[PDB]
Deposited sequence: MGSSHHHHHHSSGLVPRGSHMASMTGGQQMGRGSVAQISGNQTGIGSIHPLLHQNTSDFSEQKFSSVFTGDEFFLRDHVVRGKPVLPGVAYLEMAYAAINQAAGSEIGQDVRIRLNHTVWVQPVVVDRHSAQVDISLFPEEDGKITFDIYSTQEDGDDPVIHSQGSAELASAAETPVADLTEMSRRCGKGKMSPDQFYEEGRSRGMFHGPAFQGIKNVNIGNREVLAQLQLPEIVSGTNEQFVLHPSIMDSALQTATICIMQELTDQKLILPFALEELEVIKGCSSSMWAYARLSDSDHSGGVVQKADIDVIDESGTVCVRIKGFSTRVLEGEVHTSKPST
C-alpha cells in the first residue's frame, strides 16, 4: 500500500483499481491503445483487446479477491470462458471492468464488461468461471516425441506473421512470440520466445499476453489445417485453463485437435507443463470487428 508515501499505482497492468462495494467484488482498468497488448494486436485496422488479456485479468482479480485462501498448494483454474463481444480501442479509451461472484459450491463466476457513460447498460465482453484447486501433480511433456511427430513441415515466423497480415490479423513486435513451428498431423509444436521489445515485463504477469497469445496463435495454426485457406479466426471460448507453474521467457506450445477445438500445453525448457488449456475454439471473422 502506497497511500501518501508515494504515488498509488495499478494493482496489475490489466487490473488497475479495486472498486469493490458491499454488493460486488470488482475492479476497473482504463486502456488507451498505447499498451503493448493493444498496439500490437490489431484486427483489420482496429486495436482489439486480445482474448489472453481477459484470462490474465481474471487470474489477477481472483488472486486479489481470494487473498490468503491462496496458499502455496492452491492453484487457480479457469473453467468455461467465452469471449462474447470485442473491446475495440480505436478512437477513444476503454474502461474495462471485472466483477467476481463467489458461489456456494466454491466456484467463482466472473463478468468482464464496459460502459460508455455511468449507469448505461453494460456491454458484456467475456464471461467465465473459476475455482481454487489443490496443486497436485505437475504434468510433463516429452518434447522429443512431440518434435518427432511434428515432422511434416516447418513454418517460419516470416511465413506465419505475413500470412496473418494478409488475412487482416496484425501481430506487432510484442506479439511475435513464435520462433519456429513444426507441423504434425492434427498437432503442432511451436517454439516461443518473449519478444525483446517486452523483455522487461516477464515478472509483471503470470499469464504473459505475449506468450499466451503466441500459444493461441500456435493452436490457430493447428485449427487452420482443417479450414478454408484465408479465413481470419479469433478466440471464441475455452473449456479449461490451469496454471501449474510460472511461465519463463523461452517456452514451447504444443497444440492438438480434440466446432474444431484444440488442447494446448505451454511448456518450459525443462519439459514441465506450465499452463494447460483444454477445448480452445475459434470463430471466423468476416468484415470488420464491430461492437
* Asked: Since the structure holds only modelled residues, which stretches of the deposited sequence does it leave out?
  -> 1-37, 296-303, 337-341
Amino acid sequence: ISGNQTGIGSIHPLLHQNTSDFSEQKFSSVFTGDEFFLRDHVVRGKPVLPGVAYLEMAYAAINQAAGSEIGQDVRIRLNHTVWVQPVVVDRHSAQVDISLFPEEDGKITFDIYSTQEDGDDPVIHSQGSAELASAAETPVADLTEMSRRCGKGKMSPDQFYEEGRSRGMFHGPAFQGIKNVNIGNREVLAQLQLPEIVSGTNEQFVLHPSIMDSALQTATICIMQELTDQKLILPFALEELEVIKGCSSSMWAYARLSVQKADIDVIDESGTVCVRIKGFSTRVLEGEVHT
From here on, numbers count along this sequence of modelled residues.
* Asked: Comparing 206-214 with 176-184, which stretch shows the greater average C-alpha B-factor in the deposited entry?
  -> 176-184
* **Stretch with the greater mean C-alpha B-factor as recorded in the entry, comparing 160-168 against 116-124** => 116-124
* Which has the highest CA B-factor per the PDB entry: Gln64, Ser28, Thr32, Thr228? -> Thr228
* Asked: Reading the B-factor column of the entry, which of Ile98, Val140, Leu189, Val82 has the highest value at its C-alpha atom?
  -> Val140
* To do: Sort the modelled residues of this chain by their C-alpha B factor and say whether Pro13 lands in the lowest, middle or highest third.
  => lowest
* Going by what the PDB entry lists, where does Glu242 fall on CA B-factor within its chain: lowest, middle or highest third? -> middle
* To do: Just say lowest, middle or highest third for the CA B-factor of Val259 relative to the other modelled residues in its chain.
  => highest
* Asked: Should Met146 be placed in the lowest, middle or highest third of its chain by the C-alpha B factor in the entry?
  -> highest
* To do: Report the third (lowest, middle or highest) to which the CA temperature factor of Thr272 belongs, ranking only the modelled residues of the same chain.
  => highest
